[PDB]
$ cat final.csv   # CSV, C-alpha atoms and all ligand atoms
chain,number,residue,atom,x,y,z
A,8,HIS,CA,117.5,66.5,108.4
A,9,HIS,CA,118.8,62.9,107.9
A,10,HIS,CA,117.0,61.3,110.9
A,11,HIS,CA,114.5,59.1,108.8
A,12,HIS,CA,116.8,56.0,109.1
A,13,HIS,CA,116.2,55.9,113.0
A,14,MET,CA,112.5,55.3,112.1
A,15,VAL,CA,110.6,53.2,114.7
A,16,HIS,CA,107.1,51.7,114.4
A,17,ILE,CA,105.0,53.4,117.1
A,18,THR,CA,101.6,51.9,118.3
A,19,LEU,CA,99.1,53.5,120.7
A,20,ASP,CA,98.5,52.0,124.2
A,21,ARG,CA,94.7,51.7,124.6
A,22,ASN,CA,95.1,51.4,128.4
A,23,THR,CA,96.5,54.9,128.8
A,24,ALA,CA,93.8,56.6,126.6
A,25,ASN,CA,91.2,59.0,127.9
A,26,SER,CA,87.9,57.1,128.0
A,27,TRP,CA,86.5,59.2,125.1
A,28,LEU,CA,89.2,58.3,122.6
A,29,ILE,CA,88.8,55.8,119.7
A,30,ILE,CA,91.9,54.0,118.7
A,31,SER,CA,91.9,52.1,115.4
A,32,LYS,CA,92.3,48.2,115.2
A,33,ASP,CA,96.0,48.7,113.9
A,34,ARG,CA,96.7,51.0,117.0
A,35,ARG,CA,98.1,53.6,114.5
A,36,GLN,CA,95.2,56.2,114.6
A,37,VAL,CA,93.3,58.0,117.4
A,38,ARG,CA,90.4,60.4,117.4
A,39,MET,CA,88.0,62.0,119.9
A,40,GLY,CA,84.6,60.2,120.2
A,41,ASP,CA,81.4,62.1,120.7
A,42,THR,CA,80.8,60.2,124.1
A,43,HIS,CA,82.5,57.8,126.7
A,44,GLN,CA,83.8,54.8,124.7
A,45,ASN,CA,82.5,52.1,127.3
A,46,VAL,CA,85.8,51.2,128.8
A,47,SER,CA,86.6,50.6,132.6
A,48,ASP,CA,88.6,53.4,134.4
A,49,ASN,CA,92.2,52.6,135.5
A,50,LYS,CA,95.1,54.5,137.1
A,51,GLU,CA,96.9,54.8,133.6
A,52,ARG,CA,94.2,56.8,131.8
A,53,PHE,CA,94.6,60.5,131.3
A,54,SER,CA,91.4,61.9,133.0
A,55,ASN,CA,91.2,65.6,132.1
A,56,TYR,CA,92.4,65.8,128.5
A,57,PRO,CA,92.1,63.7,125.2
A,58,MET,CA,95.6,62.2,125.7
A,59,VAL,CA,97.2,58.8,125.0
A,60,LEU,CA,100.7,57.3,125.1
A,61,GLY,CA,102.6,55.1,122.7
A,62,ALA,CA,103.2,51.5,123.8
A,63,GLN,CA,107.0,51.8,123.2
A,64,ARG,CA,109.4,52.9,126.0
A,65,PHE,CA,112.8,54.4,125.1
A,66,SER,CA,115.8,54.6,127.6
A,67,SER,CA,118.6,54.9,125.0
A,68,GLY,CA,119.4,55.5,121.3
A,69,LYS,CA,118.0,57.6,118.6
A,70,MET,CA,114.3,57.3,117.6
A,71,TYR,CA,112.2,59.0,114.8
A,72,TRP,CA,108.5,58.8,113.9
A,73,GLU,CA,105.9,60.9,111.9
A,74,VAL,CA,102.4,62.0,112.8
A,75,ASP,CA,99.6,63.2,110.4
A,76,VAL,CA,97.7,66.3,111.7
A,77,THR,CA,95.8,67.1,108.5
A,78,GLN,CA,92.7,69.4,109.0
A,79,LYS,CA,93.0,69.6,112.9
A,80,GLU,CA,92.5,72.9,114.7
A,81,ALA,CA,94.2,71.8,118.0
A,82,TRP,CA,96.6,69.0,119.1
A,83,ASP,CA,99.8,68.4,121.2
A,84,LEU,CA,102.6,66.0,120.2
A,85,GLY,CA,106.0,64.9,121.5
A,86,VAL,CA,107.4,62.6,124.2
A,87,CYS,CA,106.9,62.4,128.0
A,88,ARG,CA,108.3,60.5,131.0
A,89,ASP,CA,106.6,57.1,131.7
A,90,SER,CA,105.8,58.5,135.2
A,91,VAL,CA,103.9,61.7,134.2
A,92,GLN,CA,100.8,62.6,136.2
A,93,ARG,CA,97.6,61.1,134.6
A,94,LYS,CA,94.8,62.6,136.8
A,95,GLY,CA,93.7,66.2,137.3
A,96,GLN,CA,95.0,69.5,135.8
A,97,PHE,CA,98.6,70.0,134.8
A,98,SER,CA,100.7,72.1,132.3
A,99,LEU,CA,102.8,70.5,129.5
A,100,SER,CA,106.4,71.5,130.5
A,101,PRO,CA,109.8,69.8,130.9
A,102,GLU,CA,109.4,70.3,134.7
A,103,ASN,CA,106.3,68.1,134.6
A,104,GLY,CA,108.0,65.5,132.3
A,105,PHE,CA,106.8,66.6,128.8
A,106,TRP,CA,108.7,67.7,125.6
A,107,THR,CA,105.9,68.8,123.3
A,108,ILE,CA,104.7,71.3,120.7
A,109,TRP,CA,101.1,72.2,119.9
A,110,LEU,CA,98.6,74.0,117.7
A,111,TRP,CA,96.0,76.1,119.4
A,112,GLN,CA,93.9,79.0,118.0
A,113,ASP,CA,95.8,79.4,114.8
A,114,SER,CA,99.3,79.6,116.6
A,115,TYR,CA,102.0,77.0,117.1
A,116,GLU,CA,103.9,76.9,120.4
A,117,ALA,CA,106.6,74.8,122.2
A,118,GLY,CA,105.7,73.5,125.6
A,119,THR,CA,108.3,75.3,127.6
A,120,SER,CA,107.4,77.2,130.8
A,121,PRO,CA,106.3,79.7,129.9
A,122,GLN,CA,105.4,78.6,126.3
A,123,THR,CA,107.5,79.6,123.3
A,124,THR,CA,106.1,81.1,120.0
A,125,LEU,CA,107.0,78.9,116.9
A,126,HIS,CA,107.6,80.5,113.4
A,127,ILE,CA,106.1,78.2,110.8
A,128,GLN,CA,105.5,79.6,107.3
A,129,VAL,CA,103.9,76.4,105.8
A,130,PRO,CA,101.2,74.9,108.2
A,131,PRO,CA,102.3,71.3,108.6
A,132,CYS,CA,100.1,68.3,107.5
A,133,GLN,CA,102.8,65.8,109.0
A,134,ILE,CA,105.2,66.4,111.9
A,135,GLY,CA,108.5,64.4,112.4
A,136,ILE,CA,109.6,63.8,116.0
A,137,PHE,CA,113.3,62.9,116.7
A,138,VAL,CA,114.6,61.8,120.1
A,139,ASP,CA,118.4,61.4,121.0
A,140,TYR,CA,118.3,60.0,124.5
A,141,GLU,CA,122.0,60.2,125.2
A,142,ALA,CA,122.3,63.8,123.8
A,143,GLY,CA,119.2,65.0,125.7
A,144,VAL,CA,117.5,66.3,122.5
A,145,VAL,CA,113.9,66.3,121.2
A,146,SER,CA,113.4,67.9,117.8
A,147,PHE,CA,110.4,68.5,115.6
A,148,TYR,CA,110.4,68.7,111.8
A,149,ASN,CA,107.8,70.1,109.2
A,150,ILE,CA,107.5,67.2,106.7
A,151,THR,CA,105.2,69.3,104.5
A,152,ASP,CA,108.0,71.9,104.1
A,153,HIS,CA,110.9,69.6,103.0
A,154,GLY,CA,111.7,68.5,106.7
A,155,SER,CA,112.4,72.1,107.9
A,156,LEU,CA,113.2,72.4,111.7
A,157,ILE,CA,110.3,73.6,113.9
A,158,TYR,CA,111.9,73.4,117.4
A,159,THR,CA,114.7,71.7,119.4
A,160,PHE,CA,114.6,71.0,123.1
A,161,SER,CA,118.2,70.6,124.2
A,162,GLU,CA,119.8,69.8,127.6
A,163,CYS,CA,116.7,67.7,128.3
A,164,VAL,CA,116.6,66.0,131.7
A,165,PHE,CA,114.5,62.9,130.8
A,166,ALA,CA,114.9,61.4,134.3
A,167,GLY,CA,113.3,58.1,133.2
A,168,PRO,CA,112.0,56.0,130.3
A,169,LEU,CA,110.3,58.1,127.6
A,170,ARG,CA,106.9,57.3,125.8
A,171,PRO,CA,105.5,58.9,122.6
A,172,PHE,CA,102.8,61.4,123.7
A,173,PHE,CA,99.6,62.5,121.8
A,174,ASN,CA,96.7,64.9,122.5
A,175,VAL,CA,93.9,64.9,119.8
A,176,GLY,CA,92.4,68.0,121.5
A,177,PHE,CA,88.8,68.8,122.3
A,178,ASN,CA,86.2,69.3,119.6
A,179,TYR,CA,84.0,72.1,121.1
A,180,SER,CA,84.0,73.9,117.6
A,181,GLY,CA,83.0,70.9,115.5
A,182,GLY,CA,86.1,71.6,113.4
A,183,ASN,CA,88.6,69.3,115.3
A,184,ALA,CA,87.2,65.8,114.8
A,185,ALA,CA,90.0,64.6,112.5
A,186,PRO,CA,92.3,61.8,113.8
A,187,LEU,CA,96.0,61.8,114.6
A,188,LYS,CA,97.7,59.1,112.4
A,189,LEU,CA,101.1,57.5,112.7
A,190,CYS,CA,102.5,57.6,109.1
A,191,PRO,CA,104.1,54.6,107.5
A,192,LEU,CA,107.9,54.3,107.3
A,201,LIG,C1,91.2,50.8,139.2
A,201,LIG,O1,91.3,52.2,139.1
A,201,LIG,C2,91.0,52.9,140.3
A,201,LIG,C3,90.8,54.3,140.0
A,201,LIG,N1,91.1,55.3,140.8
A,201,LIG,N2,91.0,56.5,140.2
A,201,LIG,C4,90.5,56.4,139.0
A,201,LIG,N3,90.4,57.5,138.2
A,201,LIG,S1,90.0,54.8,138.5

$ encode --input "final.csv" --output "structure tokens"
Amino acid sequence: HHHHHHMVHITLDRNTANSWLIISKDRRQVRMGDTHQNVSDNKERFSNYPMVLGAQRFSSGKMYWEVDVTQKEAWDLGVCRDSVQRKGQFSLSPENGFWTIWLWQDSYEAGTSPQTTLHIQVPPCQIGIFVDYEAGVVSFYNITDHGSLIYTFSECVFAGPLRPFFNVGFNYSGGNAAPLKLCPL
């Protein structure tokens, strides 16, 4: 791919984070804390899952960013509508306003309904996410494997402003404490 030149500087929005997340001072890293992080509750916070949004909102153009997933066992990444549900249980699907992939139990899947099996030969340490708003495209790239394509959502019906979307995953196993990190340009 040749998408690197649409690179954007993404920062995390503390106000949207689940109350157990810890976001770094530079707003570029997030990890699961071992307890409630002593913040007040608000209507923006994801209640049920260890999720957080980027601060940036996109309604046009082409955007590209990269996320470090080194040594994590579980995570979700992609984009979502600014108006996605925050409270209670929900599935990650385009019908619910999410364009995502994930790692779970040693398999990678795209968040279609129902979910789609991904075929990745080289487990990624860094993921590139590309959004073309006008074209209705969200694509994922394996930075560890020379930028190879992972998955493309096409004919996307965004139906609103988009935000970068992150899930650090639970850490029931004691093997998923590592952060998600936004990689430098
Ligand atoms: C000010 O926030 C009001 C709230 N209502 N539901 C929550 N989860 S917190």

$ closest_residue --input "final.csv" --among "A:88, A:30, A:80, A:155" --to "residue A:185" --atoms "all atoms listed in the file"
A:80

$ residues_near_point --input "final.csv" --point "(105.4, 75.0, 112.9)" --cutoff "7 Å" --atoms "all atoms listed in the file" --output "VMD selection string"
chain A and resid 115 125 to 127 130 to 131 149 157

$ atom_distance --input "final.csv" --atom1 "atom CA of residue A:81" --atom2 "atom CA of residue A:135"
17.0 Å

$ residues_near_ligand --input "final.csv" --ligand "ligand LIG 201 (chain A)" --cutoff "6 Å" --atoms "only C-alpha atoms and all ligand atoms" --output "list in words"
residues 48, 49 and 50 of chain A

$ closest_atom_pairs --input "final.csv" --of "stretch 116-140 of chain A" --to "stretch 55-66 of chain A" --cutoff "10 Å" --atoms "all atoms listed in the file" --output "Markdown table"
| residue | atom | partner | partner_atom | distance |
| --- | --- | --- | --- | --- |
| A:138 | CA | A:65 | CA | 9.1 |
| A:139 | CA | A:66 | CA | 9.8 |
| A:140 | CA | A:66 | CA | 6.7 |

$ closest_atom_pairs --input "final.csv" --of "stretch 139-177 of chain A" --to "stretch 38-47 of chain A" --cutoff "12 Å" --atoms "all atoms listed in the file" --output "CSV"
residue,atom,partner,partner_atom,distance
A:173,CA,A:38,CA,10.4
A:174,CA,A:38,CA,9.3
A:175,CA,A:38,CA,6.2
A:176,CA,A:39,CA,7.6
A:177,CA,A:39,CA,7.3

$ closest_residue --input "final.csv" --among "A:82, A:72, A:158, A:137" --to "residue A:17" --atoms "only C-alpha atoms"
A:72

$ atom_distance --input "final.csv" --atom1 "atom CA of residue A:104" --atom2 "atom CA of residue A:165"
7.2 Å

$ residues_near_point --input "final.csv" --point "(119.2, 63.5, 132.4)" --cutoff "9 Å" --atoms "all atoms listed in the file" --output "PDB file with C-alpha atoms, keeping the file's coordinate frame"
ATOM      1  CA  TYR A 140     118.300  60.000 124.500  1.00  0.00           C
ATOM      2  CA  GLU A 141     122.000  60.200 125.200  1.00  0.00           C
ATOM      3  CA  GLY A 143     119.200  65.000 125.700  1.00  0.00           C
ATOM      4  CA  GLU A 162     119.800  69.800 127.600  1.00  0.00           C
ATOM      5  CA  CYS A 163     116.700  67.700 128.300  1.00  0.00           C
ATOM      6  CA  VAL A 164     116.600  66.000 131.700  1.00  0.00           C
ATOM      7  CA  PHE A 165     114.500  62.900 130.800  1.00  0.00           C
ATOM      8  CA  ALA A 166     114.900  61.400 134.300  1.00  0.00           C
ATOM      9  CA  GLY A 167     113.300  58.100 133.200  1.00  0.00           C
TER      10      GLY A 167
END

$ atom_distance --input "final.csv" --atom1 "atom CA of residue A:98" --atom2 "atom CA of residue A:51"
17.8 Å

$ closest_residue --input "final.csv" --among "A:170, A:32, A:69, A:94" --to "residue A:13" --atoms "only C-alpha atoms"
A:69

$ residues_around --input "final.csv" --residues "residue A:133" --least-positions-apart "6" --cutoff "9 Å" --atoms "all atoms listed in the file" --output "list in words"
residues 73, 74, 75, 76, 77, 148, 149, 150, 151 and 190 of chain A

$ write_last_selection --input "final.csv" --atoms "C-alpha atoms" --output "PDB file, in the coordinates of the input"
ATOM      1  CA  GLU A  73     105.900  60.900 111.900  1.00  0.00           C
ATOM      2  CA  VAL A  74     102.400  62.000 112.800  1.00  0.00           C
ATOM      3  CA  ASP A  75      99.600  63.200 110.400  1.00  0.00           C
ATOM      4  CA  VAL A  76      97.700  66.300 111.700  1.00  0.00           C
ATOM      5  CA  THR A  77      95.800  67.100 108.500  1.00  0.00           C
ATOM      6  CA  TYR A 148     110.400  68.700 111.800  1.00  0.00           C
ATOM      7  CA  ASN A 149     107.800  70.100 109.200  1.00  0.00           C
ATOM      8  CA  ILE A 150     107.500  67.200 106.700  1.00  0.00           C
ATOM      9  CA  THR A 151     105.200  69.300 104.500  1.00  0.00           C
ATOM     10  CA  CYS A 190     102.500  57.600 109.100  1.00  0.00           C
TER      11      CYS A 190
END

$ closest_residue --input "final.csv" --among "A:92, A:147, A:79, A:117" --to "residue A:180" --atoms "only C-alpha atoms"
A:79
